[PDB]
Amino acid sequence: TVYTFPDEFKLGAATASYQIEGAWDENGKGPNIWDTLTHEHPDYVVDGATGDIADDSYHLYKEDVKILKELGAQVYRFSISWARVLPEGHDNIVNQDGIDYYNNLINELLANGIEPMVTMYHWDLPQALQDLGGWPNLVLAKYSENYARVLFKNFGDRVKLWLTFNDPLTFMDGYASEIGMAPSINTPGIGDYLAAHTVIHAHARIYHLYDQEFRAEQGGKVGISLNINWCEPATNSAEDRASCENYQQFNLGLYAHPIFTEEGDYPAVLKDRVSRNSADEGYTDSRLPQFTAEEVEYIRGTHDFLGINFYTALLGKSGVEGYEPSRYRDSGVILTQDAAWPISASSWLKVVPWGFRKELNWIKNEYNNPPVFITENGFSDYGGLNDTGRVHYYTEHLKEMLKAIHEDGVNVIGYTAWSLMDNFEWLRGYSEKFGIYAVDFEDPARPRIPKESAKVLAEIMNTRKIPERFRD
């Protein structure tokens, strides 16, 4: 029983637009912040790589559907490129080519019995909107609503699973470093918090828009995808446990407390620590933006499920480190990783499968057991089809998730592997491979070929259980 997926549980795979599509300036698509970063700042990216072509999924979407069908995916999570649909960011111009492209992909998926799950925003902001300041500028919340309206109107008759945003914990960090994630702006502890504030507002507007303009007719569900690492106390002390709770609230709670709790607002520890630190450093005003009571009420409850992106764990101990000002310093935890944990091809990613079960329980307890859809989980290597590390990563994480479901009563409703195929891994270029399908980036045809992990995942999806040879 503990090895069997619930009957209604949805299994599949995931991608994101900039990471796979290419066709960066084709047929009316406007420029986004990742076009800008990779073109203007190739020194920020391994190999000076760009997403100009990537997997060429703009042209090769039928091949993506073919491999999803081979895999036996029930659901395909993909993102829509804002600047492909609205090249100017604002909704004055709708690019029919972009509408046609996503309709073509959606229709191809449905014709092959695969359900689309659409992420509206997976990091590729139109440059025209970044030029207003991007996410720190609250005007983007209305722009986001208008973008979502176009998506719901055009695609919502066939798409019943939506994520407003993918992992704003990461993309807010594009406003906390001059050399990091797009748009690579150095306003740590200030602009990243403003970005988070706008995103939360935007998410809430999009959810209310769905309620007001689309839900009665379309009958779908709207969530948000949040990335969170498990944070394990470095020792069993109360003080180290406090530091790990700080971590959860500063990383997951920053977004999830306003939306998924009955109280709403930011977590108290976030408000209080930032207020204190801001005062001690001489600011008249806290660096953390505030919600009014009306805004708190508007934002809380804006969810039909919680998307979780889970990859790894950290150790946390009591203390403070990091630069002043910064979110890490404000969070009041000292983070490390255990040397004993198995490694990947990504410095940040260690294999800690039991951390997944711990995190699912933390979420259950904090947010009253919301329906949780695992929108990303996966593992990097540098190449190869006999990807034993990836196979082990998936079988262990899926076992831990199944224990969370069956033993712990966590309402997990679906799981999409990150990623369907090797793709453009942001600042790591094509150097780190997360796919279950390999892609030859030196071959203009970009063939997708199954790794051992794709074969094992297909077996899991077909049998709806963890095969005996992978059980404890």
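Residue indices: 1-based, along the sequence shown.
Chemist: Look over 436 to 444 and 49 to 57 in the entry and identify the one with the greater average Cα temperature factor.
Modeler: Comparing averages over the C-alpha atoms only gives 436 to 444.
Chemist: Quick check on the record: does 186 to 194 or 210 to 218 carry the larger mean Cα temperature factor?
Modeler: 210 to 218 has the higher mean C-alpha B-factor.
Chemist: Kindly indicate the residue among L109, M120, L132, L254 with the greatest C-alpha B-factor in the PDB record.
Modeler: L109 has the highest C-alpha B-factor of those listed.
Chemist: Taking the values exactly as deposited, rank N32 by C-alpha B-factor within its chain and report the matching third: lowest, middle or highest.
Modeler: CA B-factor rank for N32: lowest third.
Chemist: Taking the values exactly as deposited, rank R158 by C-alpha B-factor within its chain and report the matching third: lowest, middle or highest.
Modeler: Highest third - that is where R158 ends up once the chain's C-alpha B-factors are sorted.
Chemist: Could you say whether, by C-alpha temperature factor, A417 belongs to the lowest, middle or highest third of its chain?
Modeler: Middle third, going by the recorded CA B-factors of the chain.
Chemist: Would you mind checking where the Cα B-factor of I20 ranks among the modelled residues of its chain, as the lowest, middle or highest third?
Modeler: Middle third.
Chemist: Where does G389 sit by CA temperature factor within its chain: lowest, middle or highest third?
Modeler: Its C-alpha B-factor belongs to the highest third of this chain's values.
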